[PDB]
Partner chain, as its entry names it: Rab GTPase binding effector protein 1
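Quick heads-up: it's one chain on its own, the form solved without its partner chain, in structure tokens.
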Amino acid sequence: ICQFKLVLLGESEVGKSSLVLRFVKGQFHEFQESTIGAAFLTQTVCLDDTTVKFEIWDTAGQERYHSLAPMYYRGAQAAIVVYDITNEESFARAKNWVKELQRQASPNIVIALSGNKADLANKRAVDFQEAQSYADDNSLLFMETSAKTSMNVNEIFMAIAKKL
């Protein structure tokens, strides 16, 4: 059995809490309250020859809580930086979170990038290939996800588990 600490970071309203609720509880709430104090959840997945347990910190994404984030990413072995594919500003914010992790988090941290709300592709503002290229150039594990439909939610956590 292996255990890893994972943190979710990203602009407010991109769907961080929804992503963790979908992965941990199989839930999705159309009306999810903005996170004030970082929330903690845990979930276990089954790989080829190992049981991986995730200790997950779901951080508040509003800027006024930015100064608290290092308390949650310090020592994290993995991070999922989330943006909303319908909001380019949220994608730019995600890149800045990635920069902060590369400079202040553990040098061996595994960073995944979630282009969330992919079910709203009819309102896309961030091109998939552009995000894929950005992730490849920055050594980030990228997937578009939908906490609403479950698209790639189990998949992104499992892919992270395999690389830990």
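Positions refer to the first chain, counted from 1.
The mean Cα B-factor in the deposited entry runs higher for 51-59 than for the other of 109-117 and 51-59. Relative to its counterpart among 127-135 and 32-40, 32-40 has the higher mean temperature factor, C-alpha atoms as listed in the PDB entry. Among all modelled residues in this chain, the alpha-carbon of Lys148 has a temperature factor (C-alpha) in the middle third.
Sorting the modelled residues of the chain by their CA temperature factor places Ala78 in the middle third. Ranked by Cα temperature factor within the chain, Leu164 sits in the highest third according to the deposited record. Among the modelled residues of its chain, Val98 has a C-alpha B-factor that falls in the lowest third according to the deposited record.
We do not show the form deposited with its partner chain bound, though everything after this point is about it.
Stretch-level contact analysis of 131-139, 107-115, 93-101, 34-42 against its partner chain in the deposited complex, using heavy atoms and a 4.5 Å limit, identifies 34-42. In the deposited complex, its partner chain sits within 4.5 Å of a heavy atom belonging to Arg64. Mapping the unseen interface onto this chain, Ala121 falls outside it, with no heavy atom inside 4.5 Å of its partner chain in the deposited complex.
The shortest heavy atom separation between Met151 and its partner chain in the deposited complex exceeds 4.5 Å. Taking the partner from the other structure, its partner chain in the deposited complex has a heavy atom within 4.5 Å of a heavy atom of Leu68.
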